[PDB]
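Next up: a single chain in structure tokens, the form deposited in one PDB entry.
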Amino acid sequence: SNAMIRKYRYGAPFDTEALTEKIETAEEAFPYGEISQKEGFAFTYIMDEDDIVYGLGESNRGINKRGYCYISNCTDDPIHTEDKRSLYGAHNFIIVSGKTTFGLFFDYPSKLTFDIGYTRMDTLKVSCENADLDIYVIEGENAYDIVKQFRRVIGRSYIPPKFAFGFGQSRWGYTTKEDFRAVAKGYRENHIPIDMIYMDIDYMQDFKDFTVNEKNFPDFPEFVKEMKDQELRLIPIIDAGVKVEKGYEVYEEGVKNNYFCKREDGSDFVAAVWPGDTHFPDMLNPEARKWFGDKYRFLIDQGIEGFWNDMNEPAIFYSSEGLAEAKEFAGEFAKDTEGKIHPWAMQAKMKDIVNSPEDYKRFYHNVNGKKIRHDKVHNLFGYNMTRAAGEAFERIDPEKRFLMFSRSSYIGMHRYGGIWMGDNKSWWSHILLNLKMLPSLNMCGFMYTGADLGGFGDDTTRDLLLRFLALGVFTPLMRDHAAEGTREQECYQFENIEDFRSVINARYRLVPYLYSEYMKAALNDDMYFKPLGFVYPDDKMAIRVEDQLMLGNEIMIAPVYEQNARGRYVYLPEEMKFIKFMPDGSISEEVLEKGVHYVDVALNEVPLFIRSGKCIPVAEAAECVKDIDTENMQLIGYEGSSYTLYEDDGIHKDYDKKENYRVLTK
């Protein structure tokens, strides 16, 4: 059993349940590099100059992780600049790829530092404060083999309903039925395809989880049906924090049944978020999880078929303790007459109370009769919130797939939902960041993923949105979302709307292919997106390409991510057909040989490349997933080639039937 995977145990690790496969503890010396336990735990390895380091899922910078430091420590940080070491996810799987190749999964739920050539270029050092963890060593002939081994042992990836492969629109600010009707009309009257409209926090009654604003939605299920009859599915947000409010049932039940995270003394810990004071459900306690997940029935029973889980690092604006400290400091600053307390110090204290490391030491989880301080298991919170929801969906309607994705995650959560890449910005560099995160997420089990198209924060432009959308065409989550106070970012908010229709039409024409590749990959523990080096391992040029990706076994993508550009450079490791979805609805085709090329790609054109000896099916454009005609689709690509199409009803879980597969031959 499990010949290629060994598990090395130190101390008394918390069981994260990341793996579904039970691996016995190995008793031999750790097989690579050196282990030191003098400062807790450290693994140190000297890399060959040509080694590439893959992995880390949702983390900053590039596909090859060499040259920086990455700290797994789930953090609400809306400014994703190159210096940042921690974002929302903790995906502790890396692969050293070169003359000596192996994979490592560090199953540890707290702050874990990956110094990948930051300190010394030749040195990989992975460290944490406590030697209480399991480290899995995965052997294999190459990096792709090692990834496939890992994907097997962590269990099958979450599978969304097919409607989730349409286009979605959200904004922090949609509040009233008028707001949502205006979005529906803006897309539908302009014949821009769309399947989902996201409901952000203003839909709740005073930011209370599992409520709907009674003034704005007096007959909510009727409104849900108004939208669904037009093939628009409302996708509401749920937050980690439950508002403290007398008479609010979720709060009352959480208090009475000890379902919230508690302070040292047993009191329910207060964290301020959108509602002001909240309590956090104890996501690591199985009974609290069951209770919290069961609450989703409130929305499911009203016609809702999907959710997004947010603020689940968990994010904390301040604690009662931190607020009191900040106010005391402010009082001193206010009455200072000697000029001893400077404004910068006041500013620093205000910043310090937000997402404070000290607050994460102030509350506990109750697991199997043991109270564990939250910081010790910090990176498991979002994972378990989404597990709570996923497991509830199985109880509520076991036959049905729900759309589900989370901001914060840890390996293991990939069984229950996808992720979105959080609060990016309307920056050109964030198109590239979106692209690079994709294969790494796939290595860690997270295939239903994507970024806020157009950029969440700051102000977008028409061309940036168009280029973001052209990458989103290929990402399973394709959602335009934006922050409050930003320039309006719906496609209909710009001149020459036909260009937006053209780009989103390309998504819908590709949905049968993209869904098929997703399903084949998920059902077989394989990757939807792959780095070029996984497909062309013997090509020294290919292995270092980071701004192109392979999708499935048929195509390569290469989005434009430079402002004012009319094209871009590409490297083709084999002959391919360069394909563009054109704004008049036609599909242009050009054979390009192996090697370096500059390709022209206008703002309203969507490019891809079809590999030698392959073809893909392309449907006529439709405006919602339900209406896509998949009978006798056009086949684009090479004569003599075939394609195996996976197609099911997109709704249920009947995955293993021969009727789901059809061979198309060009």
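Only the largest set of C-alpha atoms that superpose within 1.5 Å between the two forms is called the rigid core. Counting begins at 1, following the sequence as shown.
Participant: Please work out which of 96-104 and 580-588 has the higher mean CA B-factor as recorded in the PDB entry.
Facilitator: The deposited B-factors put 580-588 ahead on the C-alpha mean.
Participant: Look over 466-474 and 360-368 in the entry and identify the one with the greater average Cα temperature factor.
Facilitator: Stretch with the higher mean C-alpha B-factor: 360-368.
Participant: Going by the CA temperature factor in the entry, name the top one among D200, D547, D310, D301.
Facilitator: If I rank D200, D547, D310, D301 by C-alpha B-factor, first place goes to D301.
Participant: Using only the C-alpha B-factors in the record, can you name which of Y118, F180, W420, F534 has the highest?
Facilitator: Among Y118, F180, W420, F534, the highest C-alpha B-factor in the entry belongs to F180.
Participant: Place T44 in the lowest, middle or highest third of its chain's C-alpha B-factors, as listed in the PDB entry.
Facilitator: Within its chain, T44 is a middle-third residue by C-alpha B-factor, going by the deposited values.
Participant: Among the modelled residues of this chain, does the Cα B factor of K185 put it in the lowest, middle or highest third?
Facilitator: It belongs to the highest third of the chain when residues are ordered by C-alpha B-factor.
Participant: Taking the values exactly as deposited, rank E554 by C-alpha B-factor within its chain and report the matching third: lowest, middle or highest.
Facilitator: CA B-factor rank for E554: lowest third.
Participant: Rank-wise, by C-alpha B-factor, drop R66 into the lowest, middle or highest third of its chain.
Facilitator: According to the entry, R66 has a C-alpha B-factor in the chain's lowest third.
Participant: For the chain shown, is the CA B-factor of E605 in the lowest, middle or highest third of its modelled residues?
Facilitator: Middle third of the chain for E605's C-alpha B-factor.
Although it is not shown, the form deposited in another entry is what the next lines describe.
Participant: Kindly specify the one residue in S429, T486, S86, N355 whose Cα moves by 2 Å or more between this form and the one not shown, with superposition done on the rigid core.
Facilitator: Comparing both forms, the shifted residue turns out to be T486.
Participant: When you overlay the rigid core, is the Cα of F446 off by 2 Å or more between this form and the one not shown?
Facilitator: Comparing forms between this form and the one not shown, the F446 CA shifts below 2 Å.
Participant: Using the core for the fit, does the CA position of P314 change by 2 Å or more between this form and the one not shown?
Facilitator: No, because once the rigid core is superposed, the C-alpha of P314 moves less than 2 Å between this form and the one not shown.
Participant: Is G417 displaced by at least 2 Å at its C-alpha between this form and the one not shown when the rigid core is overlaid?
Facilitator: No: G417 shifts by under 2 Å between this form and the one not shown.
Participant: Between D239 and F456, does the Cα distance in the other entry come out closer or farther than in this form, changing by 3 Å or more?
Facilitator: Relative to the displayed form, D239 and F456 move farther apart in the other entry - a change of at least 3 Å between their C-alphas.
Participant: Indicate closer or farther: the Cα atoms of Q548 and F456, in the other entry, relative to the displayed form, with a change of 3 Å or more.
Facilitator: Result: farther.
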